[PDB]
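Below: the structure, in structure tokens.
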Amino acid sequence: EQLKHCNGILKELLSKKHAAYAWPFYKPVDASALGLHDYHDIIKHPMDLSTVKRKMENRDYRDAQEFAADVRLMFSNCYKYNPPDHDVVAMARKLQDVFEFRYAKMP
Ligand SMILES: CC(=O)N1c2ccc(-c3ccco3)cc2[C@H](NC(=O)OC(C)C)C[C@@H]1C
């Protein structure tokens, strides 16, 4: 019911319209490839949109709140790991505003 609306939100976050700032969240952070040695010490519970998508498809979310908690975890990890002036942080804030807008307007 509210879960079905969550699918629409996720689709919005992954759509072309937001690609210029969403693209770094499309896949799990690869610490080795990016050369962030300490990412997995600092970030204990990694998250990204393709993981949210899988969990949605497998019906791992029992309600809208659990879905929101994973999306917020993704943004929180980013703010936690990266300095406040980093470009990826500015990208996260823009994507999060889209997310909090759609989540707040859900019936
Ligand atoms: C989402 C997130 O917290 N990160 C992330 C994730 C993916 C990629 C990445 C790069 C290529 C594919 O994925 C890069 C980063 C960031 N480093 C960076 O130059 O970001 C630019 C967008 C300014 C570092 C950070 C660990």
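By convention in this document, the chains of the structure tokens carry letters A, B, ... by their order, each chain's residues are numbered from 1, and ligands are numbered from 1 in the order they are shown.
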Just want the residues within 10 Å of ligand 1, written as a tab-separated table (two decimals) with N, CA, C and O atoms, in the first residue's frame, counting only C-alpha atoms and all ligand atoms.
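Everything below was put into part_32.tsv:
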```
chain	number	residue	atom	x	y	z
A	20	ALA	N	22.61	13.58	-12.84
A	20	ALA	CA	23.77	14.47	-12.62
A	20	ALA	C	24.24	14.53	-11.16
A	20	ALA	O	25.43	14.71	-10.90
A	21	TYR	N	23.34	14.33	-10.20
A	21	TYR	CA	23.76	14.27	-8.81
A	21	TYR	C	23.52	12.93	-8.11
A	21	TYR	O	24.09	12.69	-7.06
A	22	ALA	N	22.69	12.05	-8.68
A	22	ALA	CA	22.42	10.76	-8.07
A	22	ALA	C	23.42	9.64	-8.44
A	22	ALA	O	23.51	8.60	-7.72
A	23	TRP	N	24.13	9.80	-9.55
A	23	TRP	CA	24.88	8.67	-10.10
A	23	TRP	C	25.83	8.03	-9.07
A	23	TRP	O	25.93	6.82	-9.03
A	24	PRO	N	26.48	8.81	-8.19
A	24	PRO	CA	27.37	8.11	-7.26
A	24	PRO	C	26.69	7.17	-6.27
A	24	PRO	O	27.39	6.38	-5.62
A	25	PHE	N	25.37	7.26	-6.12
A	25	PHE	CA	24.62	6.39	-5.19
A	25	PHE	C	24.05	5.14	-5.85
A	25	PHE	O	23.43	4.31	-5.18
A	26	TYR	N	24.26	5.00	-7.16
A	26	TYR	CA	23.66	3.91	-7.92
A	26	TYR	C	24.18	2.55	-7.49
A	26	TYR	O	23.44	1.58	-7.59
A	27	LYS	N	25.43	2.47	-7.04
A	27	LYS	CA	26.06	1.19	-6.70
A	27	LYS	C	26.75	1.28	-5.36
A	27	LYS	O	27.08	2.35	-4.92
A	28	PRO	N	27.03	0.13	-4.73
A	28	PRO	CA	27.81	0.10	-3.50
A	28	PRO	C	29.11	0.86	-3.64
A	28	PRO	O	29.75	0.77	-4.66
A	29	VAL	N	29.52	1.59	-2.61
A	29	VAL	CA	30.87	2.21	-2.60
A	29	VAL	C	31.93	1.10	-2.71
A	29	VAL	O	31.89	0.16	-1.94
A	30	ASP	N	32.84	1.22	-3.68
A	30	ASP	CA	33.97	0.31	-3.78
A	30	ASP	C	35.18	0.99	-3.19
A	30	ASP	O	35.79	1.85	-3.85
A	31	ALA	N	35.51	0.62	-1.96
A	31	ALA	CA	36.54	1.28	-1.18
A	31	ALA	C	37.91	1.14	-1.80
A	31	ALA	O	38.69	2.10	-1.82
A	33	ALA	N	38.78	0.33	-5.07
A	33	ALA	CA	38.84	1.05	-6.32
A	33	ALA	C	38.96	2.55	-6.10
A	33	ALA	O	39.74	3.22	-6.75
A	34	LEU	N	38.18	3.11	-5.17
A	34	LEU	CA	38.29	4.55	-4.89
A	34	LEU	C	39.51	4.92	-4.02
A	34	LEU	O	39.78	6.11	-3.81
A	35	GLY	N	40.20	3.93	-3.48
A	35	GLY	CA	41.34	4.19	-2.60
A	35	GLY	C	40.96	4.89	-1.31
A	35	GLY	O	41.60	5.87	-0.92
A	36	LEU	N	39.90	4.39	-0.68
A	36	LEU	CA	39.49	4.80	0.67
A	36	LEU	C	39.72	3.61	1.54
A	36	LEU	O	38.85	2.73	1.70
A	39	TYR	N	37.15	3.22	4.80
A	39	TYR	CA	35.73	3.38	4.62
A	39	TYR	C	34.95	2.38	5.49
A	39	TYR	O	33.98	2.75	6.15
A	43	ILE	N	32.28	3.38	8.14
A	43	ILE	CA	30.94	3.00	7.75
A	43	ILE	C	30.67	1.51	8.01
A	43	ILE	O	31.05	0.62	7.21
A	46	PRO	N	26.97	-0.16	5.09
A	46	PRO	CA	26.91	0.47	3.76
A	46	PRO	C	25.57	0.35	3.09
A	46	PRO	O	24.86	-0.62	3.31
A	47	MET	N	25.25	1.29	2.21
A	47	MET	CA	23.96	1.23	1.52
A	47	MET	C	24.04	2.09	0.25
A	47	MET	O	24.76	3.06	0.21
A	48	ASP	N	23.26	1.72	-0.76
A	48	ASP	CA	23.24	2.41	-2.04
A	48	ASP	C	21.92	2.05	-2.71
A	48	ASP	O	21.24	1.12	-2.26
A	74	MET	N	21.89	5.60	3.60
A	74	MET	CA	22.78	5.87	2.46
A	74	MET	C	23.35	7.31	2.50
A	74	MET	O	24.57	7.54	2.35
A	75	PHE	N	22.46	8.28	2.72
A	75	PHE	CA	22.86	9.67	2.84
A	75	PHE	C	23.68	9.92	4.09
A	75	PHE	O	24.70	10.62	4.02
A	76	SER	N	23.24	9.38	5.24
A	76	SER	CA	24.01	9.52	6.48
A	76	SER	C	25.41	8.96	6.36
A	76	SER	O	26.36	9.57	6.87
A	77	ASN	N	25.57	7.80	5.73
A	77	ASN	CA	26.95	7.27	5.50
A	77	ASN	C	27.83	8.24	4.73
A	77	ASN	O	28.99	8.41	5.02
A	78	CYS	N	27.26	8.85	3.71
A	78	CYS	CA	27.96	9.81	2.90
A	78	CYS	C	28.38	11.06	3.70
A	78	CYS	O	29.51	11.54	3.58
A	79	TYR	N	27.46	11.60	4.50
A	79	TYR	CA	27.77	12.75	5.32
A	79	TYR	C	28.77	12.38	6.41
A	79	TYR	O	29.63	13.20	6.79
A	80	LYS	N	28.65	11.16	6.92
A	80	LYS	CA	29.57	10.66	7.96
A	80	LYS	C	30.99	10.50	7.42
A	80	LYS	O	31.95	10.93	8.06
A	81	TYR	N	31.15	9.88	6.26
A	81	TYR	CA	32.49	9.60	5.75
A	81	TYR	C	33.21	10.85	5.21
A	81	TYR	O	34.37	11.04	5.43
A	82	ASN	N	32.51	11.66	4.45
A	82	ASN	CA	33.14	12.68	3.60
A	82	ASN	C	33.19	14.01	4.28
A	82	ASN	O	32.29	14.32	5.06
A	83	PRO	N	34.20	14.83	3.97
A	83	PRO	CA	34.15	16.19	4.53
A	83	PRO	C	32.96	16.98	4.01
A	83	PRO	O	32.45	16.69	2.91
A	86	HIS	N	32.97	18.48	0.42
A	86	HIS	CA	33.17	17.60	-0.72
A	86	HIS	C	31.95	17.64	-1.67
A	86	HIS	O	30.79	17.78	-1.25
A	87	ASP	N	32.22	17.52	-2.96
A	87	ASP	CA	31.16	17.55	-3.99
A	87	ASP	C	30.12	16.45	-3.83
A	87	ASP	O	28.97	16.65	-4.10
A	88	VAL	N	30.54	15.27	-3.40
A	88	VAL	CA	29.60	14.18	-3.21
A	88	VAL	C	28.56	14.50	-2.11
A	88	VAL	O	27.42	14.08	-2.21
A	89	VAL	N	28.97	15.25	-1.10
A	89	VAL	CA	28.05	15.74	-0.07
A	89	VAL	C	26.97	16.71	-0.60
A	89	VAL	O	25.77	16.57	-0.26
A	90	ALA	N	27.38	17.65	-1.44
A	90	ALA	CA	26.46	18.56	-2.12
A	90	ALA	C	25.49	17.79	-3.03
A	90	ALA	O	24.29	18.09	-3.08
A	91	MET	N	26.01	16.78	-3.72
A	91	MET	CA	25.15	15.86	-4.48
A	91	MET	C	24.15	15.09	-3.60
A	91	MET	O	23.00	14.96	-3.96
A	92	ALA	N	24.60	14.57	-2.46
A	92	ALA	CA	23.72	13.86	-1.52
A	92	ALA	C	22.55	14.73	-1.02
A	92	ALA	O	21.40	14.27	-0.97
```
Skipping near chain neighbours, those fewer than 4 positions away, what residues fall within 8 Å of segment 52-65 of chain A using only C-alpha atoms, listed as a ChimeraX atom specification? /A:2-3,6-7,10,47-48,69-71
Keeping N, CA and C atoms for every residue in the selection just given, could you write it to a file as a compact mmCIF listing (two decimals), in the first residue's frame?
```txt
# COMPACT_ATOMS: atom_id res chain seq x y z
N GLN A 2 1.52 1.59 1.14
CA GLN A 2 2.52 2.65 1.21
C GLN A 2 3.81 2.15 0.60
N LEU A 3 4.04 0.84 0.72
CA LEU A 3 5.16 0.20 0.07
C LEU A 3 5.14 0.35 -1.43
N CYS A 6 6.52 3.53 -2.30
CA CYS A 6 7.97 3.54 -2.13
C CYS A 6 8.67 3.13 -3.40
N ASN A 7 8.07 2.21 -4.16
CA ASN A 7 8.62 1.84 -5.44
C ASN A 7 8.70 3.02 -6.40
N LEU A 10 11.63 5.34 -5.30
CA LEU A 10 12.89 4.76 -5.71
C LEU A 10 13.13 4.98 -7.20
N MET A 47 25.25 1.29 2.21
CA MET A 47 23.96 1.23 1.52
C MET A 47 24.04 2.09 0.25
N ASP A 48 23.26 1.72 -0.76
CA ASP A 48 23.24 2.41 -2.04
C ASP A 48 21.92 2.05 -2.71
N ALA A 69 14.36 4.36 6.22
CA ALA A 69 15.56 4.22 7.05
C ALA A 69 16.78 3.79 6.21
N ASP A 70 16.61 2.91 5.24
CA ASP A 70 17.71 2.54 4.35
C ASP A 70 18.16 3.68 3.42
N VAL A 71 17.22 4.42 2.87
CA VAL A 71 17.59 5.54 2.03
C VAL A 71 18.33 6.58 2.86
```
Report as a short mmCIF file (atom, residue, chain, number, x, y, z; two decimals) with N, CA and C atoms, in the first residue's frame all protein, DNA and RNA residues lying within 12 Å of residue 12 of chain A, evaluated on only C-alpha atoms, omitting residues in the same chain fewer than 3 positions from it.
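As written to disk, result-v6.cif reads:
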```cif
data_model
loop_
_atom_site.label_atom_id
_atom_site.label_comp_id
_atom_site.auth_asym_id
_atom_site.auth_seq_id
_atom_site.Cartn_x
_atom_site.Cartn_y
_atom_site.Cartn_z
N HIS A 5 3.91 2.90 -3.08
CA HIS A 5 4.41 4.26 -3.31
C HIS A 5 5.93 4.35 -3.17
N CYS A 6 6.52 3.53 -2.30
CA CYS A 6 7.97 3.54 -2.13
C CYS A 6 8.67 3.13 -3.40
N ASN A 7 8.07 2.21 -4.16
CA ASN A 7 8.62 1.84 -5.44
C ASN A 7 8.70 3.02 -6.40
N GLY A 8 7.64 3.81 -6.47
CA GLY A 8 7.65 5.04 -7.26
C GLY A 8 8.72 6.04 -6.84
N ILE A 9 8.94 6.20 -5.54
CA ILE A 9 10.00 7.10 -5.03
C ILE A 9 11.37 6.62 -5.51
N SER A 15 15.87 7.85 -11.78
CA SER A 15 15.50 8.32 -13.11
C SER A 15 16.55 9.26 -13.67
N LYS A 16 16.50 9.47 -14.99
CA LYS A 16 17.46 10.31 -15.70
C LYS A 16 17.45 11.74 -15.24
N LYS A 17 16.27 12.19 -14.89
CA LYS A 17 16.08 13.54 -14.42
C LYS A 17 17.07 13.94 -13.31
N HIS A 18 17.48 13.00 -12.46
CA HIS A 18 18.37 13.30 -11.32
C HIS A 18 19.80 12.73 -11.44
N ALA A 19 20.13 12.17 -12.61
CA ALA A 19 21.38 11.46 -12.80
C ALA A 19 22.63 12.29 -12.52
N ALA A 22 22.69 12.05 -8.68
CA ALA A 22 22.42 10.76 -8.07
C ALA A 22 23.42 9.64 -8.44
N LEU A 49 21.59 2.72 -3.80
CA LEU A 49 20.28 2.55 -4.39
C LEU A 49 20.02 1.17 -4.99
N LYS A 53 16.92 -1.22 -4.12
CA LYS A 53 16.16 -1.82 -5.20
C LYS A 53 16.03 -3.33 -5.05
N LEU A 95 19.96 15.12 -3.65
CA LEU A 95 19.14 13.94 -3.84
C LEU A 95 18.20 13.71 -2.65
N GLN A 96 18.70 13.92 -1.45
CA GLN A 96 17.93 13.78 -0.26
C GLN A 96 16.71 14.71 -0.21
N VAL A 98 15.00 15.61 -2.78
CA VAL A 98 14.00 14.97 -3.65
C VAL A 98 13.32 13.86 -2.86
N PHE A 99 14.14 13.06 -2.18
CA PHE A 99 13.61 11.96 -1.40
C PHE A 99 12.66 12.42 -0.29
N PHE A 101 11.03 15.22 0.03
CA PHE A 101 9.82 15.74 -0.64
C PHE A 101 8.82 14.64 -0.98
N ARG A 102 9.26 13.64 -1.75
CA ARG A 102 8.36 12.55 -2.18
C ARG A 102 7.89 11.72 -0.96
N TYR A 103 8.77 11.45 -0.03
CA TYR A 103 8.38 10.65 1.12
C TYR A 103 7.33 11.41 1.96
#
```
If I take atom CA of residue 105 of chain A and atom CA of residue 67 of chain A, how far is one from the other in Å, to one decimal?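 Pair atom CA of residue 105 of chain A / atom CA of residue 67 of chain A returns 15.1 Å.
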What are the DSSP helix (DSSP H, G or I) residues of chain A, as a PyMOL selection string? chain A and resi 2-14+16-25+31-34+39-42+49-57+64-81+87-104
Dump as a PDB file, in the first residue's frame, selection limited to C-alpha atoms:
```pdb
ATOM      1  CA  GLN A   2       2.517   2.653   1.206  1.00  0.00           C
ATOM      2  CA  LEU A   3       5.156   0.196   0.069  1.00  0.00           C
ATOM      3  CA  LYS A   4       3.877   0.498  -3.490  1.00  0.00           C
ATOM      4  CA  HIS A   5       4.406   4.265  -3.313  1.00  0.00           C
ATOM      5  CA  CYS A   6       7.967   3.541  -2.134  1.00  0.00           C
ATOM      6  CA  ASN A   7       8.624   1.836  -5.440  1.00  0.00           C
ATOM      7  CA  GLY A   8       7.645   5.039  -7.257  1.00  0.00           C
ATOM      8  CA  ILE A   9      10.002   7.097  -5.033  1.00  0.00           C
ATOM      9  CA  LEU A  10      12.888   4.764  -5.707  1.00  0.00           C
ATOM     10  CA  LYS A  11      12.197   4.922  -9.427  1.00  0.00           C
ATOM     11  CA  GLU A  12      12.258   8.735  -9.229  1.00  0.00           C
ATOM     12  CA  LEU A  13      15.649   8.629  -7.431  1.00  0.00           C
ATOM     13  CA  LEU A  14      17.072   6.393 -10.189  1.00  0.00           C
ATOM     14  CA  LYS A  16      17.463  10.307 -15.702  1.00  0.00           C
ATOM     15  CA  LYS A  17      16.082  13.542 -14.421  1.00  0.00           C
ATOM     16  CA  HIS A  18      18.370  13.298 -11.323  1.00  0.00           C
ATOM     17  CA  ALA A  19      21.383  11.463 -12.804  1.00  0.00           C
ATOM     18  CA  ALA A  20      23.768  14.466 -12.618  1.00  0.00           C
ATOM     19  CA  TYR A  21      23.764  14.266  -8.806  1.00  0.00           C
ATOM     20  CA  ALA A  22      22.424  10.756  -8.072  1.00  0.00           C
ATOM     21  CA  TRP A  23      24.880   8.672 -10.099  1.00  0.00           C
ATOM     22  CA  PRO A  24      27.365   8.108  -7.256  1.00  0.00           C
ATOM     23  CA  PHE A  25      24.624   6.395  -5.186  1.00  0.00           C
ATOM     24  CA  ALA A  31      36.541   1.285  -1.180  1.00  0.00           C
ATOM     25  CA  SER A  32      39.514  -0.351  -2.888  1.00  0.00           C
ATOM     26  CA  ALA A  33      38.835   1.049  -6.323  1.00  0.00           C
ATOM     27  CA  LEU A  34      38.288   4.552  -4.891  1.00  0.00           C
ATOM     28  CA  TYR A  39      35.730   3.375   4.622  1.00  0.00           C
ATOM     29  CA  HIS A  40      34.639   0.081   6.212  1.00  0.00           C
ATOM     30  CA  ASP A  41      35.996   1.004   9.671  1.00  0.00           C
ATOM     31  CA  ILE A  42      33.991   4.245   9.659  1.00  0.00           C
ATOM     32  CA  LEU A  49      20.282   2.552  -4.394  1.00  0.00           C
ATOM     33  CA  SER A  50      20.845  -0.805  -6.136  1.00  0.00           C
ATOM     34  CA  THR A  51      20.787  -2.503  -2.740  1.00  0.00           C
ATOM     35  CA  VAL A  52      17.523  -0.652  -1.837  1.00  0.00           C
ATOM     36  CA  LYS A  53      16.158  -1.815  -5.199  1.00  0.00           C
ATOM     37  CA  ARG A  54      17.089  -5.479  -4.555  1.00  0.00           C
ATOM     38  CA  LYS A  55      15.563  -5.376  -1.078  1.00  0.00           C
ATOM     39  CA  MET A  56      12.390  -3.861  -2.497  1.00  0.00           C
ATOM     40  CA  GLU A  57      12.164  -6.595  -5.201  1.00  0.00           C
ATOM     41  CA  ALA A  64       7.507   2.552   4.333  1.00  0.00           C
ATOM     42  CA  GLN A  65       9.485   3.437   7.466  1.00  0.00           C
ATOM     43  CA  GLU A  66      12.024   0.643   6.872  1.00  0.00           C
ATOM     44  CA  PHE A  67      12.467   1.792   3.295  1.00  0.00           C
ATOM     45  CA  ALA A  68      13.063   5.374   4.433  1.00  0.00           C
ATOM     46  CA  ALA A  69      15.556   4.218   7.049  1.00  0.00           C
ATOM     47  CA  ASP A  70      17.709   2.541   4.352  1.00  0.00           C
ATOM     48  CA  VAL A  71      17.589   5.543   2.032  1.00  0.00           C
ATOM     49  CA  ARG A  72      18.506   7.824   4.938  1.00  0.00           C
ATOM     50  CA  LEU A  73      21.265   5.443   5.972  1.00  0.00           C
ATOM     51  CA  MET A  74      22.777   5.872   2.460  1.00  0.00           C
ATOM     52  CA  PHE A  75      22.856   9.671   2.839  1.00  0.00           C
ATOM     53  CA  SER A  76      24.007   9.517   6.484  1.00  0.00           C
ATOM     54  CA  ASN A  77      26.949   7.273   5.503  1.00  0.00           C
ATOM     55  CA  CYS A  78      27.958   9.809   2.900  1.00  0.00           C
ATOM     56  CA  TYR A  79      27.768  12.750   5.323  1.00  0.00           C
ATOM     57  CA  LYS A  80      29.565  10.663   7.956  1.00  0.00           C
ATOM     58  CA  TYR A  81      32.492   9.598   5.749  1.00  0.00           C
ATOM     59  CA  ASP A  87      31.160  17.546  -3.989  1.00  0.00           C
ATOM     60  CA  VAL A  88      29.597  14.180  -3.207  1.00  0.00           C
ATOM     61  CA  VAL A  89      28.048  15.740  -0.072  1.00  0.00           C
ATOM     62  CA  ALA A  90      26.460  18.558  -2.124  1.00  0.00           C
ATOM     63  CA  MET A  91      25.149  15.859  -4.481  1.00  0.00           C
ATOM     64  CA  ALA A  92      23.715  13.861  -1.519  1.00  0.00           C
ATOM     65  CA  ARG A  93      21.853  16.907  -0.145  1.00  0.00           C
ATOM     66  CA  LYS A  94      20.251  17.523  -3.533  1.00  0.00           C
ATOM     67  CA  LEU A  95      19.144  13.935  -3.841  1.00  0.00           C
ATOM     68  CA  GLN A  96      17.928  13.782  -0.256  1.00  0.00           C
ATOM     69  CA  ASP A  97      15.714  16.856  -0.810  1.00  0.00           C
ATOM     70  CA  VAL A  98      13.995  14.970  -3.651  1.00  0.00           C
ATOM     71  CA  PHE A  99      13.613  11.961  -1.401  1.00  0.00           C
ATOM     72  CA  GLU A 100      12.233  13.851   1.655  1.00  0.00           C
ATOM     73  CA  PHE A 101       9.823  15.744  -0.638  1.00  0.00           C
ATOM     74  CA  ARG A 102       8.358  12.554  -2.180  1.00  0.00           C
ATOM     75  CA  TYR A 103       8.375  10.652   1.116  1.00  0.00           C
ATOM     76  CA  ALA A 104       6.553  13.502   2.922  1.00  0.00           C
TER      77      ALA A 104
END
```
